[PDB]
Ligand SMILES: *[C@@H]1O[C@H](CO)[C@@H](O)[C@H](O)[C@H]1NC(C)=O
Ligand SMILES: *[C@@H]1O[C@H](CO)[C@@H](O)[C@H](O)[C@H]1NC(C)=O
Ligand SMILES: *[C@@H]1O[C@H](CO)[C@@H](O)[C@H](O)[C@H]1NC(C)=O
């Protein structure tokens with residue numbers, strides 16, 4: 001707000017409102033939100049699977 | 001001795017029929033259920049926990065989202081902020097690790113975490129429109145200088161190594177990605193072991209006498 | 001076929017499993033604060049319940 | 001052949017060859033033959049059961 | 001949804017949209033007559049909707 005720092009190097013998700021208030025530069029990285037879940041767990045019935 | 005032979009024949013036929021039917025039922029019911037959750041779709045489930053952090057960037061994106069694949073999720077997690085919504089990213093990661101929970105931040109964070117721990121999985125990606133870059137409060141030329149420097153940085157090959165070395169961590173163990181319907185080695189080896197044991201006992205009792 | 005029919009349905013039929021299935025009958029007080037939350041507040045399985 | 005992996009096919013082939021070899025050894029060298037026939041029949045039963053189940 | 005994902009799969013014409021369909025899990029949205037015209041001309045495509 002005081003323009004103390006002319007730059008802010010960080011992962012800056014350039015949203016429409018953020019671009020409206022801070023005219024951000026071109027995105028160095030193109031990324032997106034992704035889903036997270038637990039790895040599958042294999043409860044095998046053993047060698048005697050039958 | 002024809003009647004006893006016939007009844008034994010029908011007995012074996014019906015027993016093997018029941019065995020085949022029950023085994024086939026087990027295989028069909030396990031395969032019909034998707035081993036993973038629907039790709040980038042936690043909808044139509046409302047049982048497995050899902051959400052993101054409280055008032056995070058993902059929360060901002062999906063709060064103002066009216067798509068039925070997303071608006072229902074947003075309404076449910078806003079109704080259940082006390083349970084399905086966490087405060088910090090690591091808290092959500094731990095909640096996923098301890099119990100079935102779906103978590104939703106930037107793909108880079110998710111892949112970094114799953115490299116740091118192979119106990120959690122990733123399914124989809126790029127379900128949100130955003131880009132990462134440097135910031136400039138005003139209409140300055142130095143932001144243009146940084147952008148052109150970045151663009152000339154991609155045109156040459158240096159970004160890949162520096163990008164990956166940050167997210168390398170420990171070596172990721174090799175894990176399957178395109179498994180087919182064929183039975184596993186452990187899934188069939190039991191009958192091999194049983195047949196081998198029967199054969200060796202038969203050979204031993206034959207050579208004993 | 002008999003075994004698949006009896007097993008594809010959820011014997012534990014927890015919550016959302018009731019929405020997809022229709023063999024089991026279910027209901028409550030008509031608009032007695034039960035489906036008032038279901039007509040509005042669109043949630044996928046809850047929307048199937050309202051339907 | 002989708003129900004069986006290539007390694008599963010190799011295991012089935014080696015089991016078949018072992019059964020044939022042990023039958024030949026028994027012939028060249030009745031209760032033991034009865035037990036061998038029964039266990040081989042059961043082996044066929046479970047393997048075909050798994051095959052039917054997976055491809056069904 | 002398409003506004004939330006604008007220009008993500010917005011092809012400039014069918015002359016690139018058909019290849020976009022044939023190269024990935026991409027579904028097209030066009031007027032009917034052209035759609036069955038393409039299906040008659042090019043196989044592996046059917047108007048799934050009515
Ligand atoms: C994790 O393993 C446990 C075994 O206790 C199992 O009950 C659970 O379903 C597994 N979860 C996943 C996501 O694989
Ligand atoms: C997953 O967690 C269990 C205990 O919860 C631990 O023993 C195991 O090492 C973990 N796996 C990985 C890959 O860290
Ligand atoms: C079907 O076609 C799609 C699009 O070309 C392709 O991605 C997919 O691998 C194909 N699958 C089969 C089984 O041919």
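Just so you know, all these numbers are worked out from the coordinates, no wet-lab data involved. Heads up, the Cβs are rebuilt from the backbone with ideal geometry, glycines too, and the neighbour counts pull from every protein chain shown.
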| Scanning for something more than 18 Å from residue B:108 (Cα to Cα), surrounded by 17 or more Cβ atoms within 10 Å (Cβ to Cβ) and either more than 16 Å from ligand 2 (Cβ to nearest atom) or within 13 Å of the chain's Cα centre (by Cα) (or both), does segment A:13-22 turn up at least one residue? | no
| query | Scanning segment A:23-50 for residues that are within 17 Å of the chain's Cα centre (by Cα) and within 16 Å of ligand 2 (Cβ to nearest atom), which turns out surrounded by the fewest Cβ atoms within 10 Å (Cβ to Cβ)? | reply | A:37
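Quick grid of which residues meet (1) within 12 Å of another protein chain (Cβ to nearest Cβ); (2) loosely packed, with under 14 Cβ neighbours inside 10 Å; (3) more than 9 Å from the chain's Cα centre (by Cα):
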residue: C:4; (1), (2), (3): yes, no, yes
residue: C:17; (1), (2), (3): yes, no, no
residue: C:20; (1), (2), (3): yes, yes, no
residue: C:23; (1), (2), (3): no, yes, yes
residue: C:29; (1), (2), (3): no, yes, yes
residue: C:32; (1), (2), (3): no, yes, yes
residue: C:35; (1), (2), (3): no, no, yes
residue: C:43; (1), (2), (3): yes, no, yes
residue: C:48; (1), (2), (3): yes, no, no
| query | Right, residue B:67: facing another protein chain (nearest Cβ under 7 Å) and within 21 Å of residue C:37 (Cα to Cα) or not? | reply | yes
| Which residues, counting only those in chain D, are in contact with a helix residue (DSSP H, G or I) (Cβ under 9 Å, 6 or more places away or on another chain), over 30 Å from residue B:28 (Cβ atoms) and not in a helix (DSSP H, G or I)? | D:29
| request: Among the numbered conditions (1) assigned to a loop (DSSP other than H, G, I, E, B); (2) under 14 Å from residue B:128 (Cβ atoms); (3) within 16 Å of ligand 1 (Cβ to nearest atom), tell me where residue A:43 comes up short. | output: (2)
| query | Can you name the condition, by its number, that residue B:148 falls short on among (1) within 16 Å of ligand 1 (Cβ to nearest atom); (2) more than 7 Å from chain A (Cβ to nearest Cβ); (3) surrounded by fewer than 19 Cβ atoms within 10 Å (Cβ to Cβ)? | reply | (1)
| query | For residues in segment B:84-104 being in contact with a helix residue (DSSP H, G or I) (Cβ under 9 Å, 6 or more places away or on another chain) and more than 10 Å from every other protein chain (Cβ to nearest Cβ), which is surrounded by the fewest Cβ atoms within 10 Å (Cβ to Cβ)? | reply | B:90
| Going by the conditions given, is residue B:136 away from ligand 1 (no atom under 16 Å from the Cβ), more than 7 Å from chain A (Cβ to nearest Cβ) and buried (at least 17 other Cβ atoms within 10 Å of the Cβ)? | no
| said: For residue E:38, only one of the following conditions fails: (1) at negative phi; (2) assigned to a loop (DSSP other than H, G, I, E, B). What is its number? | reply: (2)
| query | Only one residue in A:5, A:13 is outside any helix (DSSP H, G or I) and out of contact with any helix residue (DSSP H, G or I) (no Cβ under 8 Å at 6 or more places or on another chain), so which one is that? | reply | A:5
| message | Scan segment B:126-133 and tell me whether some residue there is in contact with a strand residue (DSSP E or B) (Cβ under 6 Å, 6 or more places away or on another chain), facing another protein chain (nearest Cβ under 7 Å) and within 16 Å of ligand 2 (Cβ to nearest atom). | response | no
| field | Among the candidates C:3, C:18, residue that is in a helix (DSSP H, G or I), in contact with a helix residue (DSSP H, G or I) (Cβ under 8 Å, 6 or more places away or on another chain) and over 25 Å from residue B:50 (Cα atoms) | value | C:3
| task | Answer yes if at least one residue in segment B:165-187 is surrounded by 17 or more Cβ atoms within 10 Å (Cβ to Cβ) and more than 12 Å from chain A (Cβ to nearest Cβ), and no otherwise. | result | yes
